[PDB]
Amino acid sequence: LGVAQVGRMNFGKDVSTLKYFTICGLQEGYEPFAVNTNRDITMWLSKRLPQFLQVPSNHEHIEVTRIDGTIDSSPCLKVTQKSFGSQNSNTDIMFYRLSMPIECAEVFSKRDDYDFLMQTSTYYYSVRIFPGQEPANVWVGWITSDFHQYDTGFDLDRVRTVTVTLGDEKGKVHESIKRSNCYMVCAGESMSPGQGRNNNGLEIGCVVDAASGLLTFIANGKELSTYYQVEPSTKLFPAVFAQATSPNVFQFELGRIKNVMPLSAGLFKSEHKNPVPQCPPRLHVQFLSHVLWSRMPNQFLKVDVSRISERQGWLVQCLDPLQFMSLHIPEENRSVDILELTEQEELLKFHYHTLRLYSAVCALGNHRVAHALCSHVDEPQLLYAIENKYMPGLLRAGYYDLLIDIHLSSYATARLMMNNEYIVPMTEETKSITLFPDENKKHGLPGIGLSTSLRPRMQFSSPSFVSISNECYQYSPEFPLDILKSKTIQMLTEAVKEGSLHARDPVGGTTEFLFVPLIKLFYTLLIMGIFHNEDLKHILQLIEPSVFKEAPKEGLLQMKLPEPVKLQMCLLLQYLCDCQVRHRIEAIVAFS
Amino acid sequence: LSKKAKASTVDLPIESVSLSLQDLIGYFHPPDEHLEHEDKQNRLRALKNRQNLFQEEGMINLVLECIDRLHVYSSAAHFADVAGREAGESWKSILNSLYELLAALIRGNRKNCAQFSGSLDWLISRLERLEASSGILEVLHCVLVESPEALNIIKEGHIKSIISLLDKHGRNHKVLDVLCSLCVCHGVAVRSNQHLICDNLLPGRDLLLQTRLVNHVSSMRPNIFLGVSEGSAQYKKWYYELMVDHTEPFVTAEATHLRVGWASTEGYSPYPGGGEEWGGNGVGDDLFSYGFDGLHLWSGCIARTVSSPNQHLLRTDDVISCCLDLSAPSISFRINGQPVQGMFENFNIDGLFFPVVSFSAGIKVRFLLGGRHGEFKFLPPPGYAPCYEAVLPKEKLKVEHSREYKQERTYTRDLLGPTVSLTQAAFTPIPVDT
Amino acid sequence: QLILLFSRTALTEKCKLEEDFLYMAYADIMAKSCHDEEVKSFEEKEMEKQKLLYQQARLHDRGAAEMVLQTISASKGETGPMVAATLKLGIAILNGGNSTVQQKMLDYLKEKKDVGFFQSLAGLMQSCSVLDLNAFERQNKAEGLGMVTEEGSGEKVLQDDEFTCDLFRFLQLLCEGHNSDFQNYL
Amino acid sequence: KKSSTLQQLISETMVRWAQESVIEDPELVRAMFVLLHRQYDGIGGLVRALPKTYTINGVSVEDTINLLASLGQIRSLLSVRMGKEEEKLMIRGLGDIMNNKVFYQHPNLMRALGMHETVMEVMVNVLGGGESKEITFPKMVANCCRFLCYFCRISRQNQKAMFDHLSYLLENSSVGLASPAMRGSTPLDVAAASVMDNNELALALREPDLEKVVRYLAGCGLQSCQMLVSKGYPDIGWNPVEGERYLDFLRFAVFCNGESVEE
Amino acid sequence: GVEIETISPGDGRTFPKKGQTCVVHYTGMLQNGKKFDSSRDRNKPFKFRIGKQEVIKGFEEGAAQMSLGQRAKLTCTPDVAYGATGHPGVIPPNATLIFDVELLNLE
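Protein chains in written order, with the authors' numbering: chain A, 1207 to 1316, 1414 to 1854, 1889 to 1929; chain B, 436 to 869; chain C, 3666 to 3702, 3710 to 3858; chain D, 2053 to 2315; chain E, 2 to 108.
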């Protein structure tokens, strides 16, 4: 769509809405794009706001060289333009930043000495403008994550800023705080002596004091008048903005100076006390670009706006809750919707393996680790992950497994490991048991009935991290089992009809992703025995309506399912037979 | 070469070693999956016999000696300086081939992996090196998967190095797989390893991606686009009020969002600038917006507590009056007629400002824009003009979504392209010089 | 499909033949299905021979003759219930000197050049038990002293008399009918 | 039409799947045919279930529940590697189970639950862990051996059940004989208690088993004690401390109830 | 100790006494702003007794100064909460915890 252009796309989810399909498109055999879909198609648009991403290895303007630091030379990152001089070269300002931020202290305090370096919190990096790149086109300093400004003409006056001034009741300003996303200086004005670049390329030094939030710049060994004071807990990204008038633009020197701790100490926690400068592979140059997609939400907030009257003004009313689960990248201080991982493969893979690690650390009755993991993966996030239809299949399976391992696996295993034993007490309830429900020799529904055999005890502990008592660690964390039961029943009921239509858009992308996790959760709940009476009757009808009719829909057994789902159905049918065997044993004891 | 020696007198079989390593890898290549079951079993049996013969003849220690002898040189350039240009060129390839050969020799064999338990400690000592990280990690993965005994050697000092590999080298799912294999092997869980991995990786919240449920937040703004510029007929003071008819503190597990204030546009476009469209961000979550939640002053996604008589989060029946003065950049707020002891100052004025409210589910708010549209409960501060006076003559004041996309049917959704710059907001009279 | 699963399990490389209840049950079922068991007429005997031939064909046309050899070879000379069931199945499919089954087994052995089959056959013979007079005397003294032995049949003496008979009946059926080729191959 | 029975439904369904498609998953094929065999052999389910069925009075329900919970806690230790924290759990569970009255009142339910295998397998996993490295976590092994000795002493049938696992305990019998204060708490002690004062089991005892013990005794008479010489004891050619234990086991094997077993 | 900043006013007269159970909803947040605990997520009120050392002393002293129906922000310094060892797996060593606490009922 161009400037001031309005358009609409109809994917033909409802065939009646297509205006010209019948006159041209129906007879020729052509099909609507969303003809066999139950849920709305997700549309992705071009992002308006640029973001910082690592320079591609195949970029046709920017080239990045990683120079390993020798004993006498600091590690360097070198930025060059490959297409300079030739036609189609980029004359616009390019914004560069480092991938890792420096963390200012939460509460501001108020031979180089090894002890001084160990106790200091001041870090340093230097930028060498190569002789030939005009310093008036190069700016050096720090930026925050909020910086998303892409202007062809950049100036230090145009940077966004605000001055929050708090005062007392009388009105005197007892503190004034300046806030900005950009804290950078210009090399042209920084070259105070003049001719300093000619003999040797300018080495602009950036010094940050994480304990005080003071940003000081040193050019050619003299401290420039320009300085900044940032708020506590501010995250500062090293950044260099440069318009290239040369094939070689500048360099990122990761060295250190007298009494100043190297930057790799402030970036990485493992090297907090290592004076030797380092450039680990995580650190890499990123640039601001517009090549990103954005995922339009399937549902928006329902807001009603109307003018009540002459006096009452305009009314804005929102009353229904809508939520989304957000993925936070710790290093970049960014947060994205987890449903955006359908197009980000590396993040999807890493998060799926993280979920597997979560399920593995608490495996086999590690109740303390399960309690700890309840802090990272919460009950509402698990429930939303279970319910959501647009979630990627890998994340769906991972979250199902995480829920099962954290809350249900312990008791499920406890009941399974005591399954082929039958210790039945000698009580009147046992005596009342009979093989057949009535005079007619008609088998009752499996599972439904009176079972008196001794069974393990279900116990759970409430996960709280404000209680000093350690007796909570035993027993797995508590979960809303009734809510989970109702959700599982509802979603199985929906999936039975959804799959039978053979829609092209199953939940999770495939029939396996749709069914295997959900049937696995159902099997776990059945094994633990939460299902009682009417719920078991309804789910047996779902499994097979005709056979389990109490005395047109096709149950799971007759839907032509994939092999992984067939295996789970086999497990369910095994459990039903085990229930029948237990009922027979109890009736035998009753007769005895 | 290590003993001081004259270079050309040393005969270093670089090409022969490379070709032999290439042949040995093919000699230990695992069977292909599409092969028939019987053929695959035969190839697996032959591979196992080859591995057993090699381990019995001690070909693992020879590879280990070669690897250790090659790691004395830090880099390919250093090795080239010591030996020669071709040796420096082939150094990295020889190291990778040696590590692949070791992995192929120990893969799938439990006895070899059990014999590698002693050398496990020596292997993890170079995991940090970028020259051999992938091969060392693959060998570690094979040993940990195939040998139950191997897990008993792994200690805290070995687990923390693997964890710090994630921090130094970035996100890599193979490290996660190795950490998973450490916890459970052959259905047996190592609780010490589980506890160590949890206590050393989870509390940091700095490597693994984090998750949380965030309420959706939407913004409403009036039609008015007011700004300040030289040689313009725009009044520089404005005033409007917001009334909270009803609010629910917790409609969900997270607290209800309700912020009011002013926001600006990047340039002269009618599109709000610097902020994302759909998500959990509202007034004051960017450097283009300025908010007040009743207890804090929001700007740039940092909140500072501001004092007021009887401070409270915005409740039912609260009147918030907002003042904007563009002559000297200043945004001030007054709650229920009392003054809020704080204000925004000296912000960028190269744009157009408009009233804005951000909220989540569970609100009922009202714009008192003054005049015909609204009735002010409190008398505007002297000098400030009410916001209804900025409406253009032919336009009608209304409250619409700040962002262009709202909730509606898919096929009825109006997709919008870029909008033309709204320069008509500032009427700058420029007669032709004569 | 069941026969192919059981054959693939045997062909899978393992240090020891793990006991499989599914195999031990279905091998017994398949062995009983073959046999399904005053002068009788010649027509009746001919009918009973043709019925046995059909019931054996229904299994050796699906690969049971190549299964029973594979399981014995994978046994590696260790006597067990799996080997006993395999021998019973082989006897069931080989009853009457079934020339087709004999030819299939000989052809399979020749084309696979299997040495493990004969090595396991030798190992089973070495592991076969005989009369144990010491065990007999110990059981007699235990019964005489007054306590009754848990087993009244004295099964400890002559540990497995059915396994040995089945193992040698299998080898006799393999050569029945003067099958000179397999006689020389043995 | 309607099958009207779960057995018929499964029997039809599984054959239908197999004849419709060639299943590539061996796990699916195995589960399919296991289920079909279970449906067809209904009586086998009872044949397997009835030996695992026990009947208790109503007054013992709570005690049985506590005993079953302790058994579950001990059984769950099989899926985790041995450690200091698991040692306390194992010891506490064993102590509770011996204090519980059902342990004494119902030895048949004891043997059906079959902890005499679970304790053995836990103990031998520990013994195999660091075998050449000599036994670690010795106190749990002592507790397990004492529990097994008590289990043998409870009933004669329990002693016979323990006698089945006699040979294996005697390969795992050189563990803590040299270690003092371990007396009566070794797998050799468990083996001795398995054949202590029972004519039937003494007669059922075999010759190679005695040959193995005689070989251990000859080795102990030929070689010194590595642990003692490492602790600094004066080196002698032979090992009295190790030898006496095997001598006592042979004494229990050959002499029973005042009389002497000639065989 | 702990600061108390009032988010919502309470009755201002009914305070917890010794030997009385406090029913509260709390939300645990680290200084960087990352949530680590919330009773509202589990949808169950949290009950504890005053003076019995059932909770961290920072939480206890912060909730002791509150009134019935009051919603306040409790900032617990790393000395009143989990010291320097931290809570294994959840709370990093030497961490400051911010709590949003509402006193539901005193019973």
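The beta carbon of each residue, even a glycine, is placed where N, CA and C say it ideally should be.
Alpha-carbon to alpha-carbon, residue 1566(A) and residue 1580(A): Indexing the first sequence from 1 puts residue 1580(A) at position 277. Indexing the first sequence from 1 puts residue 1566(A) at position 263. Looking at the two C-alpha atoms, the distance is approximately 7 Å.
Run of the beta strand (DSSP E) containing residue 1488(A), from where it starts to where it stops: Mapped onto the first sequence, residue 1488(A) falls at position 185. Note, residue 1488(A): beta strand (DSSP E), 1485 to 1489.
Per-residue contacts from residue 685(B) into chain E (C-beta, under 7 Å): Here residue 685(B) refers to the residue found at position 250 of the second sequence. Result: 41.
Supposed close pair residue 100(E), residue 75(E) - CB separation, criterion 8 Å: To locate residue 100(E), count along the fifth sequence from 1; it is residue 99. To locate residue 75(E), count along the fifth sequence from 1; it is residue 74. Their Cβ separation, rounded to whole angstroms, is 4 Å, which keeps residue 100(E) and residue 75(E) in contact under 8 Å.
Range of the contiguous alpha helix (DSSP H) that encloses residue 2093(D): Translated into the one-based positions of the fourth sequence, residue 2093(D) becomes position 41. Unbroken run through residue 2093(D): none, as it is neither H nor E.
Through-space distance from residue 1564(A) to residue 1422(A), alpha-carbon basis: Working through the first sequence from its first residue, we reach residue 1422(A) at position 119. Working through the first sequence from its first residue, we reach residue 1564(A) at position 261. So the alpha carbons of these two residues sit roughly 10 Å apart.
Where residue 471(B) falls: helix, strand or coil (DSSP): In the second sequence, counting from the first residue as 1, residue 471(B) sits at position 36. Reduced to three states, the DSSP call for residue 471(B) is coil.
Cross-chain neighbours of residue 1210(A) in chain B, by beta carbon under 8 Å: For the purposes of this step, residue 1210(A) is identified with residue 4 of the first sequence, where counting begins at 1. Under the 8 Å cutoff, chain B gives 852, 853, 854, 855.
Test: residue 3797(C) CB closer than 8 Å to a CB of chain D: What you label residue 3797(C) is simply residue 125 of the third sequence in a count that begins at 1. Taking Cβ atoms only, chain D never reaches closer than 8 Å to residue 3797(C), which makes this a no.
Beta strand (DSSP E) runs contained entirely in the stretch 1605 to 1635 of chain A, provided each spans 3 or more residues: 1606 to 1612, 1616 to 1621, 1626 to 1632
Cβ-based burial, residue 1292(A) [other Cβ within 10 Å; buried from 16]: As a position in the first sequence, residue 1292(A) is number 86, starting the count at 1. By the 10 Å Cβ count, residue 1292(A) comes out exposed.
Same chain, Cβ closer than 6 Å to residue 1608(A), neighbours up to 5 away in sequence not counted: Position 305 of the first sequence holds residue 1608(A). Correct list, in chain order: 1619.
Meets three-Cβ-pair contact criterion under 8 Å: the stretch 795 to 806 of chain B and the stretch 642 to 660 of chain B: By the criterion of at least three beta-carbon pairs nearer than 8 Å, the stretch 795 to 806 of chain B is in contact with the stretch 642 to 660 of chain B.
Buried or exposed by the 16-neighbour rule on C-beta atoms within 10 Å, applied to residue 1813(A): To locate residue 1813(A), count along the first sequence from 1; it is residue 510. Only exposed fits residue 1813(A), as fewer than 16 other CB atoms lie within 10 angstroms of its CB.
Contact residues within the stretch 734 to 755 of chain B, judged by C-beta distance below 9 Å to chain A: 734, 735, 736, 737, 739, 740, 741, 742, 744
The stretch 1632 to 1641 of chain A / the stretch 632 to 649 of chain B touching (three or more Cβ pairs under 8 Å): yes
Counted within 10 angstroms of its Cβ, other Cβ atoms place residue 21(E) as buried (16 or more) or exposed: The residue given as residue 21(E) occupies position 20 in the fifth sequence. Exposed, since its Cβ has fewer than 16 Cβ neighbours within 10 Å.
Per DSSP, the bridge partner or partners of residue 675(B): Indexing the second sequence from 1 puts residue 675(B) at position 240. For residue 675(B), which the question treats as bridged, DSSP gives the partners 757(B).
Alpha-carbon to alpha-carbon, residue 623(B) and residue 2170(D): For the purposes of this step, residue 2170(D) is taken as the residue at position 118 of the fourth sequence. For the purposes of this step, residue 623(B) is taken as the residue at position 188 of the second sequence. Between residue 2170(D) and residue 623(B), the C-alpha separation is close to 16 Å.
Counted within 10 angstroms of its Cβ, other Cβ atoms place residue 1717(A) as buried (16 or more) or exposed: The sequence position of residue 1717(A) within the first sequence is 414, counting from 1. Buried, since its Cβ has 16 or more Cβ neighbours within 10 Å.
Within 7 Å of chain E by C-beta, residues of the stretch 620 to 638 of chain B in sequence order: 633, 634, 637, 638
Whole-angstrom distance between residue 661(B) and residue 870(B), CA atom to CA atom: Here chain B comprises residues numbered 436 to 869, so residue 870(B) is not present and cannot be evaluated.
DSSP three-state assignment for residue 747(B), whether helix, strand or coil: If you number the second sequence from 1, residue 747(B) lands on position 312. Annotated three-state conformation of residue 747(B) is coil, per DSSP.
Residues that residue 2075(D) contacts on chain C, provided the C-beta gap is smaller than 8 Å: The count along the fourth sequence starts at 1 and reaches residue 2075(D) at position 23. Those are 3666, listed as they occur along chain C.
Test: residue 3(E) CB closer than 8 Å to a CB of chain B: Start at 1 with the first residue of the fifth sequence, and residue 3(E) comes out as number 2. No, residue 3(E) does not count as interfacial toward chain B.
Segment limits, alpha helix (DSSP H) that includes residue 1272(A): Taking the first sequence and counting its residues from 1, one reaches residue 1272(A) at position 66. That residue, residue 1272(A), is in no alpha helix (DSSP H); its beta strand (DSSP E) goes 1268 to 1273.
C-alpha gap between residue 827(B) and residue 1654(A), whole angstroms: Against the second sequence, residue 827(B) aligns to sequence position 392. Against the first sequence, residue 1654(A) aligns to sequence position 351. The straight-line gap from Cα to Cα measures roughly 52 Å.
Supposed close pair residue 3832(C), residue 3801(C) - CB separation, criterion 8 Å: Within the third sequence, residue 3832(C) is the residue found at index 160, counting from 1. Within the third sequence, residue 3801(C) is the residue found at index 129, counting from 1. Contact holds; Cβ gap of about 6 Å.
Contact with chain C by residue 486(B), beta-carbon distance below 8 Å: Within the second sequence, residue 486(B) is the residue found at index 51, counting from 1. Chain C contact via Cβ: absent.
Where residue 840(B) meets chain A, residues with beta-carbon distance less than 8 Å: Residue 840(B) sits at position 405 when you count from the first residue of the second sequence. Within chain A, the residues near residue 840(B) are 1599, 1603.
The stretch 2146 to 2162 of chain D touching the stretch 2174 to 2190 of chain D, judged by at least three CB pairs closer than 8 Å: no
Given 8 Å, three or more beta-carbon pairs between the stretch 569 to 579 of chain B and the stretch 534 to 551 of chain B: yes
Reduced DSSP category for residue 1778(A) - H, G, I as helix; E, B as strand; rest coil: Taking the first residue of the first sequence as 1, we reach residue 1778(A) at position 475. Coil, per DSSP.
Simplified DSSP assignment, three categories, for residue 3853(C): Start at 1 with the first residue of the third sequence, and residue 3853(C) comes out as number 181. Three-state result, residue 3853(C): helix.
Residue from 759(B), 614(B), 763(B), 843(B) whose Cα sits closest to the Cα of residue 1603(A): As a first step, residue 1603(A) must be located in the first sequence, where it is residue number 300. Measuring from the Cα of residue 1603(A), the nearest candidate turns out to be 843(B).
Limits of the beta strand (DSSP E) - the one that residue 645(B) falls within: Numbered from its first residue, the second sequence carries residue 645(B) at position 210. It spans 645 to 650 - the beta strand (DSSP E) in which residue 645(B) sits, taken as one unbroken run.
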